[PDB]
**Q** 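The structure that follows is given in the form of structure tokens.
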There are 2 protein chains.
Amino acid sequence: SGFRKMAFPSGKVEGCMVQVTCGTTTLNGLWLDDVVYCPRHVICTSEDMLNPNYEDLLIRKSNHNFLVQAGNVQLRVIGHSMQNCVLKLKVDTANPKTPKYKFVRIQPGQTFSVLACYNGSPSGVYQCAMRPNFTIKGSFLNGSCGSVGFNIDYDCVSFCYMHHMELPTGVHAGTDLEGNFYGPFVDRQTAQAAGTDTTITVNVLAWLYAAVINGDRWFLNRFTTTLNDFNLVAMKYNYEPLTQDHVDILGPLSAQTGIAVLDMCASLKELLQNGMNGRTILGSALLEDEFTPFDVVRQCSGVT
Amino acid sequence: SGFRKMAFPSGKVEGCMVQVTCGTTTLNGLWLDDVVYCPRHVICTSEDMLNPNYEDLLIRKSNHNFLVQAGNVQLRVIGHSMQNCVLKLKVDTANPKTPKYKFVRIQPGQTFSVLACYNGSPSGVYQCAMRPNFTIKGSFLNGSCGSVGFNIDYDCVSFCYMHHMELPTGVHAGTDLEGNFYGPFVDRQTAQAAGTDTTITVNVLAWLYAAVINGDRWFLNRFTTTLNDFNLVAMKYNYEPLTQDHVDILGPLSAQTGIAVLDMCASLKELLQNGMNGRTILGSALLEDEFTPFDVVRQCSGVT
Ligand SMILES: O=C(Nc1cnccc1CO)[C@@H]1COc2ccc(Cl)cc21
Ligand SMILES: O=C(Nc1cnccc1CO)[C@@H]1COc2ccc(Cl)cc21
């Protein structure tokens, strides 16, 4: 009973957080095995962030300039390299708390948990979606750079995001763990356009299924629609066009509830065209798109 | 930049979760030092839950009937006692992962994080408020009993909630860590009235301050109100009456933003009387009451 915006338990990731300091800049690093990963802009001053030449800035740094600390534990840096927008600091000690892990580049519309950190110390955990425009709407202040996003599949942490920047619009941008930005962003203090964003249709439908499962059913109607008709409505309301691949991933929810995917699309069509009429769905007065169909299945079945 | 419903990092609590089995019933326990705490209904069958005589049911149980497991680790039970609605199982080994901790009974309107667990394994973490009627609107399925709610103040975990029951309305009830229920509830399968609930006014005001801090300002107006006038509106809309104690705790947010508490009350008054007019505040289309003023200060300053 009930449905919440749930994050993965963060313990496995907390054990990996370290503080990295280079010169006067301090941010967070991720210590996995004998490597610490962090945003390459740890090597910049504020003066450098205008248009940093990272290759030249890194050439002025030696292993001993990267101060890495995990609480009392001071790590000895024996190598450094830049890969895209991340620095990889080789340390002489493998992290004893390294969980089973993978580095994954997530697709837009997928969800993940963020462990917000400051000075290498975890402050909170929240779940969010990678927007279709490759930004995330997080909660990050100065010092949060290097905080990571992840998913967990039994004992394996799949790291998918490392925080780098807040855009002038207040939304967030970052990279995968190989240092490649999600979206068109560059690690420089310049105003940068985030694309037109859309609502993640398949996630809204998944959440409507979660609502029916939990007893919020008022939005179910006597109608049906087609993918074509539904996509005309999706385009009008800036929703992602629904494909057969999205219908296929909604199969388990359709099977469990007995509500055909296109019938749920007709409920979503009516909600887009008429609004919620002052009512709520799972405690929300808007259509929620931060739950994937897999998240709904996991939460509704009790997966650990 | 940004404001999210953030939970505390759950690692310190994950290290305390164990599975407790008595007969055919399995639920979660909390292993702190050499004691495992769990709901006393672990000693019931479904047949017993109608009107259990817990004293008589526990008399039929010996230490060896309580099977406590923490992954591979099997714990040896050397004592058992019932305190209110919790069982305390003394084990021969202190939990090496016991964090610094306290047991606290929270007040209605306070917030905390829940680590939802099944079979002693953590599945997710979310933040919620203890409703003014002493229920919580969580996400719990069968097997989640014994999952705990907590807050963290630097290195100290204050445990405040242990999950026991889902009411027929789909809301949740549980106890403090001394086994005293929050609210009028009893651990028996009988339909039980949860009181009339109200919206946590001081938390809505705190969240409006968080909104202004983050740039959502459209709801600020040219008006002011008084505590008396505001409380007539609060009563009409089923909000908690605002007191000077609530105004006092909003002091830091008022000081930081320069918006007097009674001016923010006039914005809240206009939102109650006129609705949101199809607009949103911090990504919500309703007035959010699950952030306390302390939560807003912590999140807006970056506390670890
Ligand atoms: O954005 C930043 N930090 C930040 C991140 N998240 C949240 C807040 C902040 C600073 O208030 C810094 C300041 O400007 C740049 C430009 C490029 C990069 Cl890669 C990083 C930064
Ligand atoms: O409520 C329960 N479990 C539960 C909790 N949270 C979520 C779901 C469930 C079961 O679906 C069980 C079944 O009925 C009773 C009556 C009294 C108590 Cl103390 C416990 C229980």
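Lettering follows sequence order; numbering is per chain, from 1. Just so you know, these numbers use all the heavy atoms, side chains as well, and skip hydrogens, waters and symmetry mates.
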**Q** Give the minimum heavy-atom separation between B:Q299 and B:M6, together with the two atoms involved.
**A** OE1-CE, 3.6 Å
**Q** If we check side chain to side chain contact (heavy atoms under 4.5 Å, CB included) with B:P293, which of these qualifies: B:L205, B:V202, B:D248?
**A** B:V202
**Q** For B:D48 and B:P52, indicate whether the former's side chain and the latter's backbone hold a donor-acceptor pair under 3.5 Å.
**A**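 Between the backbone of B:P52 and the side chain of B:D48 there is no qualifying donor-acceptor contact (under 3.5 Å).
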**Q** Around atom CG of A:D153, are there more than 12 heavy atoms of other residues, nucleotides or ligands at under 6.0 Å?
**A**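 At most 12 heavy atoms, drawn from other residues, nucleotides or ligands, come within 6.0 Å of this atom.
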**Q** Output yes when a side-chain donor or acceptor of B:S284 lies under 3.5 Å from a complementary backbone atom of B:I281, and no otherwise.
**A**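 Between the backbone of B:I281 and the side chain of B:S284 there is no qualifying donor-acceptor contact (under 3.5 Å).
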**Q** Let me see the working for A:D155 and A:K12 under side chain to side chain contact (heavy atoms under 4.5 Å, CB included), right down to the final yes or no.
**A** CA-CA 9 Å; A:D155 65 342; A:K12 292 171 178 260; 4.0 Å; yes
**Q** Per the ring pair (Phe, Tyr, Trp, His ring centres under 6.0 Å) rule, which among B:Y126, B:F150, B:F294, B:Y161 passes with B:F112?
**A** B:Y161
**Q** Is the closest side-chain heavy-atom distance between B:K236 and B:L232 below 4.5 Å?
**A**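 No, every pair of side-chain atoms sits at 4.5 Å or beyond.
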**Q** Kindly compute the distance separating CG (B:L57) from NE2 (B:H41), expressed to the nearest 0.5 Å.
**A**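 Atom-to-atom, B:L57:CG and B:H41:NE2 are 12.5 Å apart.
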**Q** Measure the OH-CG distance between A:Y209 and A:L253 for me, rounded to the nearest 0.5 Å.
**A**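 If I round to the nearest 0.5 Å, the distance is 7.0 Å.
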**Q** Return yes if some donor-acceptor pair links the side-chain N/O of B:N28 with the main-chain N/O of B:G146 below 3.5 Å, else return no.
**A** no
**Q** Using 0.5 Å steps for rounding, measure from the CZ atom of A:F219 to the CG atom of A:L287.
**A**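 Result: 9.5 Å between the selected atoms.
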**Q** Report the residues that fulfil salt bridge (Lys or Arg N to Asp or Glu O under 4.0 Å) with B:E240, sequence neighbours left out, ordered by chain and then residue number.
**A**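 By the salt bridge (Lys or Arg N to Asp or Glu O under 4.0 Å) rule, B:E240 matches no residue at all.
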**Q** Would you mind telling me which of B:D289, B:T198, B:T199 makes a side-chain hydrogen bond (donor to acceptor under 3.5 Å, both in side chains) with B:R131?
**A**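 With B:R131 as partner, side-chain hydrogen bond (donor to acceptor under 3.5 Å, both in side chains) holds for just one option, B:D289.
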**Q** Please check if the side chain of A:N214 supplies one atom and the backbone of A:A210 the other of a donor-acceptor pair under 3.5 Å.
**A** yes
**Q** Please confirm whether the backbone N or O of A:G302 pairs with a side-chain atom of B:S123, one donor and one acceptor, at under 3.5 Å?
**A** no
**Q** For B:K137, look at atom NZ and say whether over 12 heavy atoms of other residues, nucleotides or ligands are found less than 6.0 Å away.
**A**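 No, NZ of B:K137 has 12 or fewer neighbouring heavy atoms, counting only those of other groups under 6.0 Å.
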**Q** Got a donor-acceptor contact below 3.5 angstrom from the B:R105 side chain to the B:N180 backbone?
**A** yes
**Q** Let me see the working for B:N133 and B:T135 under side-chain hydrogen bond (donor to acceptor under 3.5 Å, both in side chains), right down to the final yes or no.
**A** CA-CA 6 Å; B:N133 72 355; B:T135 63; 2.7 Å; yes
**Q** Measuring only between side-chain heavy atoms, which start at C-beta, is B:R76 closer than 4.5 Å to B:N63?
**A**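 Answer no - side chains too far apart.
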**Q** Going by heavy atoms in the side chains, are B:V247 and B:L250 under 4.5 Å from each other?
**A**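 No, too far: nothing below the 4.5 Å cut-off.
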**Q** For side chain to side chain contact (heavy atoms under 4.5 Å, CB included), just list the numbers for A:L271 and A:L208, CA-CA rounded to whole Å, side-chain angles, deciding distance to a tenth of an Å, and then say yes or no.
**A** CA-CA 11 Å; A:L271 289 165; A:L208 290 178; 4.1 Å; yes
**Q** Should B:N203 and B:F291 count as side-chain neighbours, where that means a heavy-atom distance under 4.5 Å?
**A** no
**Q** Working to the nearest 0.5 angstrom, can you tell me the gap between B:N65 CG and B:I43 CD1?
**A**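 Atom-to-atom, B:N65:CG and B:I43:CD1 are 10.5 Å apart.
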**Q** Kindly say whether B:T111 contributes a backbone atom to a donor-acceptor pair with the side chain of B:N151 at under 3.5 angstrom?
**A** yes
**Q** To the closest 0.5 Å, what do you measure between CG (B:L27) and OG1 (B:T21)?
**A** 7.5 Å
**Q** Report the residues that fulfil salt bridge (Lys or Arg N to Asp or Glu O under 4.0 Å) with A:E288, sequence neighbours left out, ordered by chain and then residue number.
**A**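 If we apply the salt bridge (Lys or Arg N to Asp or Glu O under 4.0 Å) test to A:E288, skipping adjacent residues, the hits are A:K5.
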**Q** Are B:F3 and B:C300 side-chain neighbours, meaning at least one heavy-atom pair lies under 4.5 Å?
**A** yes
**Q** Any side-chain heavy atom of B:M165 sitting closer than 4.5 Å to one from B:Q192?
**A** yes
**Q** Verify the neighbour count for atom NZ of B:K97: are there more than 12 heavy atoms of other residues, nucleotides or ligands below 6.0 Å?
**A**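 Counting neighbours around NZ of B:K97, 12 or fewer heavy atoms of other residues, nucleotides or ligands fall under 6.0 Å, so no.
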**Q** At their closest point, which heavy atom of B:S147 faces which heavy atom of B:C117, and how far apart are they?
**A** OG-N, 2.9 Å
**Q** With a 4.5 Å limit on heavy-atom distance, are the side chains of B:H164 and B:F185 in contact?
**A** no
**Q** Closer than 3.5 angstrom, by distance alone: can the side chain of B:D33 be matched with the main-chain N or O of B:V35 as a donor-acceptor pair?
**A**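 Not confirmed, B:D33 side chain does not pair with B:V35 backbone.
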**Q** If every non-hydrogen atom of A:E14 is compared with every non-hydrogen atom of B:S10, which pair is closest and at what distance?
**A** OE2-N, 3.3 Å
**Q** Just by distance, no angles: are the side chains of B:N119 and B:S121 close enough, under 3.5 Å, to form a donor-acceptor pair?
**A** no
**Q** List the residues meeting side chain to side chain donor-acceptor pair (under 3.5 Å) with B:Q19, not counting sequence neighbours, and say none if there are none.
**A**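 Not a single residue meets the side chain to side chain donor-acceptor pair (under 3.5 Å) criterion with B:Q19.
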**Q** Is it true that atom CD of B:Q83 has more than 12 heavy atoms of other residues, nucleotides or ligands lying nearer than 6.0 Å?
**A** yes
**Q** Within the distance-only criterion (no hydrogens, no angle test), does the side chain of B:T292 pair as donor or acceptor with the backbone N or O of B:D295 below 3.5 angstrom?
**A** yes
**Q** Which atom names give the shortest non-hydrogen contact between A:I259 and A:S254, and what distance separates them?
**A** O-OG, 3.0 Å
**Q** For the atom pair CD (A:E270) and CG (A:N277), what is the distance rounded to the nearest 0.5 Å?
**A**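 So the gap between those two atoms works out to 12.0 Å.
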**Q** Do you know the tightest heavy-atom contact between B:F66 and B:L87?
**A**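 Nearest heavy atoms, B:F66 then B:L87: CE2-CD1, 3.8 Å.
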**Q** Begin from the C-alpha positions of B:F181 and B:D187 and carry the test side chain to side chain contact (heavy atoms under 4.5 Å, CB included) through to its verdict.
**A** CA-CA 9 Å; B:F181 265 93; B:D187 48 356; 3.9 Å; yes
**Q** Work out which heavy atom in A:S139 is nearest to a heavy atom in A:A116; give both atom names and the distance.
**A**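 In this case the closest contact between A:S139 and A:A116 is O-CB, 4.4 Å.
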**Q** Are B:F159 and B:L32 close enough that some pair of their side-chain heavy atoms sits under 4.5 Å apart?
**A** yes
**Q** For B:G15, does its backbone N or O pair with a side-chain atom of B:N95 as donor and acceptor, under 3.5 Å?
**A** yes
**Q** Please test B:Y54 against B:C44 for side chain to side chain contact (heavy atoms under 4.5 Å, CB included), starting from the C-alpha separation and ending with a verdict.
**A** CA-CA 8 Å; B:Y54 288 100; B:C44 301; 3.5 Å; yes
